[PDB]
Each structure stands twice: as structure tokens, then as C-alpha cells.
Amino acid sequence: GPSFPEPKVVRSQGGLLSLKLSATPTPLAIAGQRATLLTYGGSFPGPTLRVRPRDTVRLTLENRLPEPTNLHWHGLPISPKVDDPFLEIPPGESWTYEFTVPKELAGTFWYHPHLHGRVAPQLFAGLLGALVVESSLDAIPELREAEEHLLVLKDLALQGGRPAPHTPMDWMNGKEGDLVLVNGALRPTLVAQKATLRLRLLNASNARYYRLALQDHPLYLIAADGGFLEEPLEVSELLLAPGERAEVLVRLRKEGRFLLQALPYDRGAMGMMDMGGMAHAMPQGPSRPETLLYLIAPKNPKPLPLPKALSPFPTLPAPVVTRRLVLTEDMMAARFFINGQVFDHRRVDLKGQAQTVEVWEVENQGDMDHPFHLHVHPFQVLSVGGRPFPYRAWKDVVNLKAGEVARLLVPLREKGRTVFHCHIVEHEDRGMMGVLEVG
């Protein structure tokens, strides 16, 4: 096959993407070994669904797992009557998700389980895939002539040829694995044929962070989680927290081999030590550096000019309400809270009005990073930690380091009951989630 492994793509046909997937235990070859993973469509990652605005998606999920499951269409601004976080598909049963792709939408999205209490083990075991919304913007020469690839960043740990079980410490920290993979492959080689690459990046890990840096090169950020920036933004590195997506252009500067690395990053994970008094909690510190892939540049590379502009960001109405949400931890109990409470599916926490805009101030009073996610209603990050955000784009996950406040502009779109939660999915399973009702 191609030197660079990417998931199989399924495209809409005549404006319709009609597909049956089964969530199933699946024997595979993974990183040179044989293992049984939980997969959609018999692959890890699952197939990439590629659609255009106004397409109809009709996806029948058959549950062939021994436990209930469901889907979350992460990042899609569709109705929570479709993207229903409370729905349970029992073992052996099927459910059809049907929705229309919104008109004003572009970018990289993804699908994964969201059955409360069961997300972390199901996602860890391999249940994920990408969804790409194509854009008329993809036709501009500076993007059309770039070489495009999807990078699904997901780590894994295996024990006895199956995903490693969660330990108590894993429920506290979020589980990370020693196999740090791209598209389910261990350190693949990308032999570029063009001097400009357009990389769509997805962090589909439970808890691992990727502080991305390409040796000797900057990255040009052109999209965040849920849409394009207004113009490319040059960055030296790019942190991708769990659940986040980005698209970057890479302009290869000379012939050679360049490592794409996940550089050391301390997200505040904890360990335990006993030094004669003790036992107490002690910081794990930064992650060890990882090589993600080897990027080979072509001969005499002459990158395309960057796009001068991408997509203008919508002018939003003045906001009608300010919310303040506070995240806290009880680490030794592996319990996690929003405004002092754990999730209760019967309890509505926030009530808002459709087609109004809210300001959400999300404050991390814990010591760990927490990547905050809101379903259904993409937001504009205004500032984090008191620093203004350097671009305007739609996001649906925002990382908060210890002590930081994120200020979000949140237009409320579809009516109904939905959720917001930490996307370290162990923390969501352990209570860090709340309910928003839009009417």
C-alpha cells in the first residue's frame, strides 16, 4: 500500500452518504502485532466519512459489543435529538442516525462513543473515526494543489493481545498508552510528492496531549476544531488536546528527513510515592518526547504561496447572558466536578435561548489540564488565561491549564437537551459533565 497509511474514505454519492457500520471486536494487525480491538467498519481508525454541506447522512450503527453504546458526532452543529448523548443502543441492536450537513460548515470532525460511564474503555479500545466536511474553499489553488493527508493521533497500550484495562490511576489521570500511533501505524513515513502539505489533525486519544512540532519548520494554522481561520497563522508548535482538531499547511523548505514530534508537555498527571512518610501524590511531570512520523521532502521543494485569506468569521450578535463554570478535582477519589457537582442525566444545569449568544467563562481550579467540550454549539474562544486568542475560528474543545479562565462566545443553535464535559474522557465518565437545555 501507500507508504503513508490513512483510513479508507467513504464519500457521499449524489448528496447522500448511506452506510451501515458495526461496532465489533476485531482481530487486526496493529504496530506489527496481532490484537483484538473494538472497531467501526472493521478498521482502526474507523473509516473517514467525507461529505459536503447540505448532504444527507444516514448512518446505521449496529452494536456488536457486549455492552451498550452510541455515537457522538463530535463538533457537528446538528440537533441533539440526532446527536443524542443519552441514547443507548443495547448489544445486538441497531440505530439509524440521519441528519443534513449544515450549509455553513467546513473542517475535520469525528465520531466516537458517548455512553456515560463507558466512554473511556470504548474509545481506548479503538472506537473512533473521522468525518471531513469539504468546502468550496478547498478549490482555491493554494489548497487544491497542496498534498492532503489526515493524521489521526491516538495512542494505545496492549496486554494479552487486547487493549490494556483501566487501573484506578487511569481513571484519575486519563489513560495514556506506550504505542503512540498515527492512523493506527507506528511512526509511519510520509514521502511527500509536493512541497506544500495540507494536514488535517485529530487528537482522538483518551488523555494524551500532542505538543506538535515539525523539525526545522513552522506550521501554518488554517483551521481549528470546527472551521477555517480568517487567514493562515504561522506557529512554531501546536498543542492538540484530547478531542481537538486543526488543519495546517506545511511548506517544505529543503530536501531531507524531518521528524514530526510530540514534544514534552506536562498536563498535570499524577503518580504516587512513598518516601518514608507518604504515600502521597506526586506530579508525573512532562511526557517523554515522541516521534510521530518521518516526513521526507521531495527534491528541490518550491512550496505554493499561502492563501491570503480563508473564511471571514461571522459577526456575532451581542451576548445576552454570562455564565461562569468552575472545574474542580478530588484526585484520590477520581471524582471531577463542575460548579461543585457531578453529572446527573436528570438534572438540567443551564437553560438558554436558541439564537442568542452567551459568554461562558470556564475556570479551571484544578491542578490538571482539562479540555472543555460543548456539544451542538460551536464557540469562539476570546481569551484563555487572560491572553487574547490570536485568531477567530469555530472551536468545540478548549484546553485549560491549572488556574486558567477561558472566555467563550457561545451562539446557541439547535433546541434541545445536550451536554458539556471534560474531554479527558475518564473525567467525563467520573462525573465532569453537565446538562444544557436550549429552548
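Superpose the two forms; the largest set of C-alphas matching within 1.5 Å is the rigid core. Counting begins at 1, following the sequence as shown.
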Return whichever of 156 to 164 or 275 to 283 has the larger RMS Cα deviation from the displayed form in 8 other deposited structures of this protein, where every structure is aligned on the rigid core.
275 to 283
Higher C-alpha RMS shift from the shown form in 8 other deposited structures of this protein - 266 to 274 or 67 to 75, rigid core fit
266 to 274
Looking only at CA atoms, which has the higher mean B factor in the entry: 205 to 213 or 159 to 167?
159 to 167
Which is higher on average in the deposited entry, the C-alpha temperature factors of 118 to 126 or of 327 to 335?
327 to 335
Taking the Cα B-factors listed in the entry, which of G177, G271, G227, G366 comes out highest?
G271
In terms of recorded Cα temperature factor, pick the maximum from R50, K395, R54, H377.
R54
Chain thirds by Cα B factor, record data; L65 belongs to the highest
Is the Cα B-factor recorded for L249 in the lowest, middle or highest third of its chain?
middle
According to the PDB entry, is the CA B factor of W110 in the bottom, middle or top third of its chain, that is, lowest, middle or highest?
lowest
By the record's CA B-factor, is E358 among the lowest, middle or highest third of residues in the chain?
lowest
By its CA B factor, does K154 count among the lowest, middle or highest third of the modelled residues in the chain?
lowest
